[PDB]
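Notes follow once the structure below has been shown.
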Amino acid sequence: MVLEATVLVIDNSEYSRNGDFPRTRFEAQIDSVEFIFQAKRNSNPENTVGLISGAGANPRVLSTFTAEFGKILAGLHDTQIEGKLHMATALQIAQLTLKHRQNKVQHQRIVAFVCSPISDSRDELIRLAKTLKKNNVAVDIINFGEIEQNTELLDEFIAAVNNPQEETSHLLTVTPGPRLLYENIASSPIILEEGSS
Amino acid sequence: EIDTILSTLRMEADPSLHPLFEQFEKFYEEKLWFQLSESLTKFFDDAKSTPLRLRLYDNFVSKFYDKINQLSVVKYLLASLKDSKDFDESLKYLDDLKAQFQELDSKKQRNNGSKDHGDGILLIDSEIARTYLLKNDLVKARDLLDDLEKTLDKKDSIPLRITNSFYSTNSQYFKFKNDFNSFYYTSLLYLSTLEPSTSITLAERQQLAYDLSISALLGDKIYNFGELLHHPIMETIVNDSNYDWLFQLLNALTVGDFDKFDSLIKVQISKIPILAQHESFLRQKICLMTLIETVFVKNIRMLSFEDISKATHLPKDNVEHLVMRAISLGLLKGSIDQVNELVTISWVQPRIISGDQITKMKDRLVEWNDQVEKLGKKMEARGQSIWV
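Line order of the protein sequences matches chains A and B. Numbered per full-length UniProt numbering, the first sequence finishes at 197, counting up by one with no gaps. Numbered per full-length UniProt numbering, the second sequence finishes at 393, counting up by one with no gaps.
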């Protein structure tokens with residue numbers, strides 16, 4: 001949590017133009033991108049967040065690690081609502097963005113939103129799971145897409161990956177029904193998590 | 006409200022179209038709007054024929070004119086308005102949807118924050134030109150095709166759907182008018198850009214397949230008959246009787262057999278009235294296709310008139326005119342000697358490169374490798390002393 005650089009993956013699949021979270025699922029997510037930046041800042045103001053997309057065939061680096069609210073917002077405005085989620089590409093690219101930073105002292109966190117079922121090959125995931133351990137990265141999943149009808153491929157992986165350490169990777173399962181996604185993120189741990197050490 | 010309508014639809018519906026209906030309601034309740042798009046589409050794929058289509062559209066459109074992407078909305082409506090017989094009714098509905106979309110997009114552009122909505126409009130526009138053709142008002146429909154083509158092509162990026170719709174409109178206009186030349190140009194394009202949708206019925210495919218083959222008899226530059234046959238549109242539809250004798254003609258052109266040609270044409274010239282009025286073209290066409298075959302095989306630079314006379318079985322008067330025609334097409338280039346009765350061909354137009362020819366090319370290129378190689382080595386040795 002203390003002095004942390006974050007790649008946030010904002011996903012705008014075809015399932016994200018839905019309306020599970022009223023009025024529109026898209027607009028409930030917009031508020032969450034804004035809130036995540038703020039929560040992390042409120043923790044420790046030397047935290048930074050950068051932004052990549054899950055949407056399209058591939059990710060697009062909209063914004064690198066920065067303190068300006070302005071960069072996240074212009075990036076946020078850029079969307080395609082017929083994008084599609086590929087779990088694997090998003091992970092891989094996030095790790096790369098982390099290798100270069102304004103301050104390299106900062107800890108390594110991936111926050112990723114999942115807004116559609118995940119059906120990527122298993123083989124890919126296994127290998128990535130232990131890649132992550134090499135370079136010592138933790139990841140929090142704000143999950144509300146996957147659980148609607150599809151068993152969690154990521155949970156076990158993250159669990160195994162975590163060590164005693166201040167950093168704590170987590171599987172966070174957040175009630176997918178009408179309750180407002182952003183409201184529930186504020187009311188669950190995301191910066192109220194405790195260390196594992 | 007919407008509940009009383011759902012009751013009527015389920016009952017007279019097939020018992021195998023019954024659960025499609027149940028799903029509609031459930032997805033609404035849960036506010037899955039993606040799933041909801043999907044299930045709607047499943048209905049209109051195969052139940053556009055049935056009398057219930059129209060109903061489902063007034064109600065569905067009014068409910069889901071905001072949930073689902075815009076381009077989703079107009080596509081459903083389109084299907085309904087083919088089976089709608091009245092073409093003043095079709096025109097009414099179109100104008101209501103056109104206004105609807107223009108307003109909607111104003112708010113909606115800003116909510117998405119980015120989405121091209123000028124797509125929907127173009128599709129609407131395309132369909133209105135189509136109304137007009139059916140009522141035989143070729144004049145109104147014409148300037149609307151014009152304008153469509155200009156705005157579309159100014160675009161640097163275009164979906165398949167839009168350009169496909171526009172080509173469809175064109176195709177229909179050209180066969181109504183009885184212009185063989187134009188249709189052939191369109192049909193090809195339409196095939197290239199053709200949506201991966203299987204909403205496109207077999208009937209539609211069969212009718213087009215038929216018009217394309219009739220165009221290519223009559224044609225102005227088609228000698229590409231084999232290439233045409235290799236594509237799904239004709240390729241699969243061969244055992245049917247309509248596509249028998251038809252395809253037989255195409256293949257008679259390839260070998261240039263005059264004898265098989267003559268028998269087919271005598272029967273069929275009565276049957277299809279297009280062929281009756283276009284008799285000159287068709288008659289020239291067998292003769293030409295033979296000429297291109299004789300010329301390509303004999304790569305020597307001169308041919309007597311006597312070769313042409315025998316192959317095409319025509320008198321010599323007619324021979325030199327036939328030689329003028331090839332030259333006008335640009336199929337061939339060269340000059341005519343009347344004093345010796347020769348055609349000096351000086352250019353051949355590339356054709357389909359068969360497998361045998363791949364090897365032929367290679368044999369000559371080795372020979373010409375060696376020439377460069379021999380020549381450089383000896384000339385280095387000659388006057389070695391100076392090469393500053």
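No residue lacks a Cβ here, since even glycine has one placed at the ideal position from N, Cα and C.
- Bounds of any alpha helix (DSSP H) do not take in A/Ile-52; it lies within the beta strand (DSSP E) bounded by 48-53.
- In this structure, A/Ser-169 sits away from A/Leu-85, with a CB-CB distance that is not shorter than 8 Å.
- If you draw a straight line from the Cα of A/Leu-171 to the Cα of A/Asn-143, it is about 8 Å long.
- For chain A, the residues of the segment 67-84 of chain B that bring a beta carbon within less than 9 Å of one of its beta carbons are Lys-72, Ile-73 and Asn-74, in chain order.
- Interface flag for A/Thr-79 against chain B is set, since a Cβ pair is found closer than 8 Å.
- For the segment 24-38 of chain B, the residues whose beta carbon sits under 9 Å from a beta carbon of chain A are, in order, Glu-35, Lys-36, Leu-37 and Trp-38.
- Pairing B/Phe-106 with B/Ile-129 gives a Cβ-Cβ distance under 8 Å.
- Contact holds between the segment 60-74 of chain A and the segment 91-102 of chain A, because three or more Cβ pairs, one in each stretch, are under 8 Å apart.
- Taking a beta-carbon distance threshold of 8 Å, B/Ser-119 counts as an interface residue toward chain A.
- Shown here, B/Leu-217 sits in a helix according to DSSP, grouped into three states.
- B/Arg-58 counts as buried, since at least 16 other C-beta atoms from the protein chains shown sit within 10 angstroms of its C-beta.
- In the displayed model, B/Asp-63 falls within a helix according to three-state DSSP.
- The Cβ of A/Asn-135 sits no closer than 8 Å to any Cβ of chain B.
- Listed by position along chain B, the residues whose Cβ is nearer than 8 Å to that of A/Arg-17 are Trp-38, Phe-39 and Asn-74.
- Using a Cβ-Cβ cut-off of 8 Å, A/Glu-14 is close to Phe-39 of chain B, given in chain order.
- Put simply, the backbone Cα of B/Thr-295 is about 13 Å away from that of B/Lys-265.
- In this structure, DSSP gives B/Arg-387 a state outside helix and strand, which the three-state scheme calls coil.
- Closest by C-alpha distance to B/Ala-316, out of B/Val-260, B/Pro-278, B/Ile-277 and B/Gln-282, is B/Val-260.
- The segment 205-280 of chain B contains, as complete alpha helix (DSSP H) runs of 4+ residues, the segments 207-223, 230-234, 237-240, 250-260 and 263-276 (chain order).
- The DSSP assignment places 123-139, 143-159 and 165-182 as complete runs of the alpha helix (DSSP H) inside the segment 123-194 of chain B, in order along the chain (cut-off: 4 residues).
- Excluding its 5 nearest sequence neighbours in each direction, B/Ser-131 has C-beta neighbours in its own chain below 7 Å: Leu-153, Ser-170, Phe-171 and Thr-174, listed in chain order.
- Setting aside the 5 residues that flank it on each side, A/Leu-51 is surrounded in the same chain by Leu-8, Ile-10, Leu-62, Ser-63, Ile-72 and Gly-75, each with a C-beta closer than 7 Å to its C-beta; the list follows chain order.
- Per the coordinates, the alpha-carbon of A/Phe-21 lies some 23 Å from the alpha-carbon of A/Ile-191.
- For B/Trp-38, the enclosing alpha helix (DSSP H) begins and ends at 38-51.
- If you look at B/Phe-29, you'll find it in the alpha helix (DSSP H) that goes 23-35.
- As a beta-bridge residue in DSSP terms, A/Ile-141 pairs with A/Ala-112 and A/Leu-171.
- The residue among B/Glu-311, B/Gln-362, B/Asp-51 and B/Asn-229 with its C-alpha nearest the C-alpha of B/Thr-203 is B/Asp-51.
- In the DSSP assignment, A/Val-61 falls within the unbroken beta strand (DSSP E) covering 61-66.
- Distance between A/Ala-94 and B/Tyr-81, taken at the CA atoms: about 40 Å.
- The beta-bridge partner set that DSSP reports for A/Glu-4 consists of A/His-107.
- From the beta-carbon of A/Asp-31, no residue of chain B is found nearer than 7 Å; the closest lies around 14 Å away.
- Here the segment 7-21 of chain B does not lie against the segment 180-189 of chain A, with fewer than 3 beta-carbon pairs under 8 Å apart.
- Apart from the 5 residues on each side of it in sequence, B/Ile-313 sits with its Cβ closer than 6 Å to the Cβ of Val-324 in its chain, given in chain order.
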